[PDB]
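Asks: Next comes the structure file run.tsv, holding TSV, C-alpha atoms and all ligand atoms.
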chain	number	residue	atom	x	y	z
A	1	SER	CA	77.29	-27.92	-59.61
A	2	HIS	CA	73.76	-28.96	-60.52
A	3	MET	CA	73.76	-31.45	-57.65
A	4	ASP	CA	73.43	-28.46	-55.28
A	5	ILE	CA	70.27	-26.91	-53.82
A	6	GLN	CA	70.22	-23.13	-53.39
A	7	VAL	CA	68.27	-21.48	-50.56
A	8	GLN	CA	67.56	-17.75	-50.31
A	9	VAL	CA	66.11	-16.36	-47.08
A	10	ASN	CA	64.84	-12.86	-46.37
A	11	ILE	CA	63.65	-12.14	-42.82
A	12	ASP	CA	62.13	-8.67	-42.53
A	13	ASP	CA	60.97	-7.53	-39.08
A	14	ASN	CA	59.60	-3.97	-39.23
A	15	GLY	CA	62.84	-2.60	-40.65
A	16	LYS	CA	65.18	-5.09	-38.96
A	17	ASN	CA	66.07	-7.17	-42.02
A	18	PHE	CA	68.40	-10.09	-42.63
A	19	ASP	CA	69.40	-11.96	-45.79
A	20	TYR	CA	70.94	-15.43	-46.02
A	21	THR	CA	71.99	-17.62	-48.92
A	22	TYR	CA	72.78	-21.31	-48.47
A	23	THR	CA	73.93	-24.16	-50.65
A	24	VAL	CA	72.77	-27.52	-49.34
A	25	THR	CA	73.46	-30.94	-50.81
A	26	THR	CA	70.52	-33.04	-49.61
A	27	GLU	CA	66.98	-32.75	-48.31
A	28	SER	CA	68.41	-33.64	-44.90
A	29	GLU	CA	70.75	-30.63	-44.99
A	30	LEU	CA	67.91	-28.42	-46.23
A	31	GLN	CA	65.86	-29.48	-43.20
A	32	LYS	CA	68.80	-28.71	-40.89
A	33	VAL	CA	68.98	-25.15	-42.22
A	34	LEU	CA	65.21	-24.62	-42.16
A	35	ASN	CA	65.05	-25.79	-38.52
A	36	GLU	CA	67.72	-23.25	-37.58
A	37	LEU	CA	65.69	-20.52	-39.32
A	38	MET	CA	62.57	-21.62	-37.44
A	39	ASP	CA	64.49	-21.43	-34.16
A	40	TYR	CA	65.50	-17.86	-34.93
A	41	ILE	CA	62.05	-16.74	-36.06
A	42	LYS	CA	60.37	-18.25	-32.99
A	43	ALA	CA	62.79	-16.53	-30.62
A	44	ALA	CA	62.99	-13.12	-32.30
A	45	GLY	CA	59.71	-12.87	-34.19
A	46	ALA	CA	59.65	-11.94	-37.87
A	47	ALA	CA	56.75	-10.05	-39.44
A	48	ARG	CA	57.61	-11.19	-42.97
A	49	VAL	CA	59.68	-14.12	-44.20
A	50	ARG	CA	60.40	-15.17	-47.77
A	51	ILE	CA	62.20	-18.44	-48.54
A	52	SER	CA	63.14	-19.50	-52.07
A	53	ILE	CA	64.55	-22.94	-52.81
A	54	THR	CA	65.95	-23.87	-56.22
A	55	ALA	CA	65.32	-27.61	-56.45
A	56	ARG	CA	66.84	-30.07	-58.91
A	57	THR	CA	63.60	-31.21	-60.59
A	58	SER	CA	60.05	-29.89	-60.76
A	59	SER	CA	58.89	-32.78	-58.59
A	60	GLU	CA	61.52	-31.91	-55.99
A	61	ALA	CA	60.32	-28.28	-56.11
A	62	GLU	CA	56.88	-29.54	-55.04
A	63	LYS	CA	58.40	-31.75	-52.36
A	64	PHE	CA	60.26	-28.74	-51.00
A	65	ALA	CA	57.10	-26.64	-51.32
A	66	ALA	CA	55.39	-29.06	-48.95
A	67	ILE	CA	58.21	-28.72	-46.43
A	68	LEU	CA	57.87	-24.94	-46.64
A	69	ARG	CA	54.07	-24.89	-46.30
A	70	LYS	CA	54.51	-26.89	-43.10
A	71	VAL	CA	57.30	-24.59	-41.88
A	72	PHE	CA	55.21	-21.47	-42.38
A	73	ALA	CA	52.15	-23.03	-40.75
A	74	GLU	CA	54.22	-24.12	-37.75
A	75	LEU	CA	55.56	-20.57	-37.40
A	76	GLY	CA	52.03	-19.17	-37.18
A	77	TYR	CA	51.88	-17.05	-40.33
A	78	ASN	CA	48.43	-15.80	-41.34
A	79	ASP	CA	49.14	-15.03	-45.02
A	80	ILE	CA	51.13	-17.77	-46.76
A	81	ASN	CA	51.73	-17.74	-50.52
A	82	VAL	CA	53.51	-20.42	-52.55
A	83	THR	CA	54.77	-19.68	-56.06
A	84	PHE	CA	56.86	-21.63	-58.56
A	85	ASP	CA	59.32	-20.33	-61.18
A	86	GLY	CA	60.79	-23.30	-62.98
A	87	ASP	CA	62.39	-25.55	-60.37
A	88	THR	CA	62.42	-22.74	-57.79
A	89	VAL	CA	59.67	-22.62	-55.18
A	90	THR	CA	59.14	-19.41	-53.22
A	91	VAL	CA	57.02	-19.16	-50.09
A	92	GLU	CA	56.26	-15.80	-48.46
A	93	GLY	CA	54.57	-15.44	-45.08
A	94	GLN	CA	53.24	-12.47	-43.14
A	95	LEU	CA	51.37	-12.07	-39.87
A	96	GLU	CA	48.73	-9.79	-41.41
B	101	MG	MG	74.31	-25.04	-38.21
Let me see the file written as structure tokens.
Replies:
Amino acid sequence: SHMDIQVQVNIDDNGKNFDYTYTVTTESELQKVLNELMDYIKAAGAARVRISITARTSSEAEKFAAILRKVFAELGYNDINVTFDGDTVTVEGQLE
């Protein structure tokens, strides 16, 4: 339903790639999933990460953008780009 939040994750590490799709119901559940992704990226290293979140309003897209900017900064990415398509925010990070 439209109460759901959709999360798309692409973790691409010099040819070792992974793709995840999640449906989360609250900001709290979104944060749970993002913290698991951070755990994985910190342990394994990922050269490129792209996370897209389809929020429920345009204001919530910006709220989730702020969460993602902080995630990517905490993970140490050196090229971080935030884009919006409707209510969907995408953030892509790379080490170079
Ligand atoms: Mg879990």
Asks: Distance table requested - chain A against ligand MG 101 (chain B), cut-off 9 Å, all atoms listed in the file: one row per qualifying residue with the closest atom pair and its distance in Å to one decimal, ordered by chain and rising residue number, as a tab-separated table.
Replies:
residue	atom	partner	partner_atom	distance
A:32	CA	B:MG101	MG	7.1
A:33	CA	B:MG101	MG	6.7
A:36	CA	B:MG101	MG	6.9
Asks: Near residue A:71, within 9 Å and counting all atoms listed in the file, which residues show up once chain neighbours fewer than 5 positions away are dropped, as a list in words?
Replies: residues 34, 35, 38, 66 and 76 of chain A
Asks: Tell me which of A:83, A:90, A:17, A:6 sits closest to residue A:48, counting all atoms listed in the file.
Replies: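 Of A:83, A:90, A:17, A:6, the one nearest residue A:48 is A:17, counting all atoms listed in the file.
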Asks: Determine, counting all atoms listed in the file, which protein, DNA and RNA residues have an atom within 8 Å of an atom of residue A:88; residues of the same chain fewer than 6 positions away are not included. Present the result as a list in words.
Replies: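 Contacts, in chain order: residues 52, 53, 54, 55 and 61 of chain A.
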Asks: When you count all atoms listed in the file, which of these residues is closest to residue A:42: A:80, A:75, A:96, A:87?
Replies: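 Using all atoms listed in the file, the shortest distance to residue A:42 belongs to A:75.
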Asks: Fewer than 6 positions away in the same chain doesn't count, so skip those; otherwise give me all residues within 12 Å of residue A:51, counting all atoms listed in the file, as a PyMOL selection string.
Replies: chain A and resi 6-12+18-22+30+33-34+37-38+64-65+67-69+71-72+80-84+88-93
Asks: For the atom pair atom CA of residue A:24 and atom CA of residue A:45, what is the interatomic distance in Å to one decimal place?
Replies: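 Separating atom CA of residue A:24 from atom CA of residue A:45 is a distance of 24.8 Å.
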Asks: Between atom CA of residue A:31 and atom CA of residue A:4, what distance in Å does the model show, to one decimal?
Replies: 14.3 Å
Asks: Provide the atom CA of residue A:49 to atom CA of residue A:94 distance in Å, to one decimal place.
Replies: 6.7 Å
Asks: Would you please work out which residue, of A:14, A:58, A:28, A:23, is nearest to residue A:44 when using all atoms listed in the file?
Replies: A:14
